[PDB]
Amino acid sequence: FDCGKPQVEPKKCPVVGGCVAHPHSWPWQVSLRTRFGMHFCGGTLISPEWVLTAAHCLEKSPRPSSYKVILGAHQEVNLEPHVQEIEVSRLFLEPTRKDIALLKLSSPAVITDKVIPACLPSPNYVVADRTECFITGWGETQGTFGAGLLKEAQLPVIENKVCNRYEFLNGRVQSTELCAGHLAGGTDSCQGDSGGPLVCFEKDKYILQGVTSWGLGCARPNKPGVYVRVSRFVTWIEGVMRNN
């Protein structure tokens, strides 16, 4: 298998808003759980041994043995038999304290039709304004249906200069972050989606461009979601993976 190329093709809709994904059409989506099974964050598989997530997801415990990763899932609670559950052996937080972290799996994920890594972007690439991307996860839905199932939403990227305007996020967004969302409201990542992917289709594959991080509420008009800009951390990510 090649990164970023699912074996079940994702559908556009016919996480607040959006729709339930086709099962296994987002095969890099990970559920991050405590040792006792609480889903509290997402993540993205980026190689057989490595998961990318948000650093704030890890504030509850500094010990790798407190965490396990769920791969190949569609449901949140009643997992299918072939799902992979792997304990985490090491945790690496970005060293300038940005909201991104790496989890090393205690055993490499078995790459299957249902478990496939996403592709990383080239270093420091800036996703163009208006690019159509997807977010996925098991987070809160604010009454928009699909609770407990893997959901998706298609969202356009909003360039930082615009989303930092007073009328929107008013200077809060750093250059190592990006904005995505419908400015009229109604679609967003939400609590439980942190750490999961924002992917954009380029040519023939999906490239991981953001990590779900924070927002001013969820799905509010004029308040798009904020994502860690993965391209600004590729050099750090690769250094950790290649040295560990």
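Start at 1 and count along the sequence shown; that's the residue number.
According to the entry, the deposited sequence places 1 to 3 unmodelled residues between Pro14 and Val15.
Looking at mean Cα B-factors across 52 to 60 and 208 to 216, the upper value is held by 52 to 60. When the C-alpha B-factors of 175 to 183 and 35 to 43 are averaged, 35 to 43 comes out higher.
Based on the entry's C-alpha B-factors, the most elevated value among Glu140, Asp99, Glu152, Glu76 belongs to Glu76. Note on the listed residues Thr136, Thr112, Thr131, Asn160: the highest Cα temperature factor in the record is that of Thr131. Sorting the modelled residues of the chain by their CA temperature factor places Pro117 in the lowest third. The PDB entry assigns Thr235 a C-alpha temperature factor belonging to the highest third of its chain's modelled residues. The PDB entry assigns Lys104 a C-alpha temperature factor belonging to the lowest third of its chain's modelled residues. Per-chain ranking of the deposited C-alpha B factor places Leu93 in the middle third. Ranked by C-alpha B-factor against the other modelled residues of its chain, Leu71 falls in the lowest third.
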